[PDB]
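369 is the number that the numbering used here gives to position 35 of the sequence shown; each next residue is one higher, with no gaps.
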Amino acid sequence: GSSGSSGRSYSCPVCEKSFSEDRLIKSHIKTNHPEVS
Ligand SMILES: [Zn+2]
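Structure, rendered in C-alpha cells:
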C-alpha cells in the first residue's frame with residue numbers, strides 16, 4: 335500500500351537545540367556551526 339501522512343522535528347548535531355523545520359536547523363548550522371556542516 336501507499337504511504338500515510340508524515341511530519342518531524344529536528345535537533346542540532348553541535349549544541350542539541352530543538353527546531354520545528356528542516357530549513358531552520360540548516361539556517362542554524364550555516365550561521366552558528368559552518369565549519370561543522
Ligand atoms: Zn547548534
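All C-beta atoms in this analysis are idealised placements derived from N, C-alpha and C, irrespective of residue type, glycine included.
A direct Cα-to-Cα measurement between residue 368 and residue 348 gives close to 11 Å.
The beta carbon of residue 351 sits closer than 7 Å to at least one heavy atom of ligand 1. Shown here, residue 361 sits in a helix according to DSSP, grouped into three states.
In its chain, beyond the 5 residues on either side, no residue has a beta carbon closer than 8 Å to the beta carbon of residue 336.
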